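**Student:** Here it is: the structure, laid out below.
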């Protein structure tokens, strides 16, 4: 698939480090800030695509959003931070 | 507002993938088959409603049908395939 070569050309090019990168721990792909990623990287590789479109593709290739961790007494989660894990590597 | 929540609860739920989904290429909402969408998904999320009614609501919230692409020597268009784009 063309998607695949594009995903990797994106994630494994360290120049995109501040917007999407392999997590430090675990085996996952982290997007620290959804909006900034969409603005700065997504369109560079997937012209005229949006976040939901991107995520639907990731899903077709086995990548799924990691279960929310609820923090502190507010049980908060930064909705703009997304982490994706592959079903073949739990 | 009630419409909007139903709209997204429908489009962004993976289980509805065969009947309605974000476009692979582009930033649009695709209904590959109108009739199957109406029978299987629409009449589940929007009881007592219909396609036309749904489209008019989409239109009021900024979503419009994407221009028809005429294909091949027959200048054909699949009338049951609908794709909607937001005016932005």
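Read the figures in this text as sums done on the coordinates, not as results from a lab. Here the Cβ positions follow ideal geometry from the backbone for every residue, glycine too, while neighbour counts run over all protein chains shown.
**Student:** Of the numbered conditions (1) within 14 Å of chain A (Cβ to nearest Cβ); (2) within 22 Å of residue A:58 (Cα to Cα), residue B:31 fails exactly one; give the number of that condition.
**Tutor:** Condition not satisfied by residue B:31: (1).
**Student:** What are the pairs, 6+ residues apart or on separate chains, where a residue within region B:8-28 that is more than 7 Å from every other protein chain (Cβ to nearest Cβ) and in contact (Cβ under 8 Å) with a residue 12 or more places away in the chain has its Cβ under 7 Å from a residue that is surrounded by fewer than 19 Cβ atoms within 10 Å (Cβ to Cβ) and part of a loop (DSSP other than H, G, I, E, B)?
**Tutor:** Pairs found: B:28/B:66.
**Student:** Hey, residue B:55 hits all of (1) over 25 Å from residue A:57 (Cβ atoms); (2) in a loop (DSSP other than H, G, I, E, B) but one; which does it fall short on?
**Tutor:** (2)
**Student:** Follow-up question, since we're still on this one. Does region B:66-79 contain any residue that is within 14 Å of chain A (Cβ to nearest Cβ) and in a loop (DSSP other than H, G, I, E, B)?
**Tutor:** The answer is yes; a qualifying residue exists.
For every residue, the table says whether it meets (1) out of contact with any strand residue (DSSP E or B) (no Cβ under 9 Å at 6 or more places or on another chain); (2) buried (at least 16 other Cβ atoms within 10 Å of the Cβ).
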| residue | (1), (2) |
| --- | --- |
| A:1 | yes, no |
| A:12 | no, no |
| A:31 | no, yes |
| A:75 | yes, no |
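**Student:** Out of A:85, A:27, which single residue is surrounded by 18 or more Cβ atoms within 10 Å (Cβ to Cβ) and more than 29 Å from residue B:85 (Cα to Cα)?
**Tutor:** Values: A:27 fails: surrounded by 18 or more Cβ atoms within 10 Å (Cβ to Cβ).
Exactly one of A:85, A:27 is surrounded by 18 or more Cβ atoms within 10 Å (Cβ to Cβ) and more than 29 Å from residue B:85 (Cα to Cα), namely A:85.
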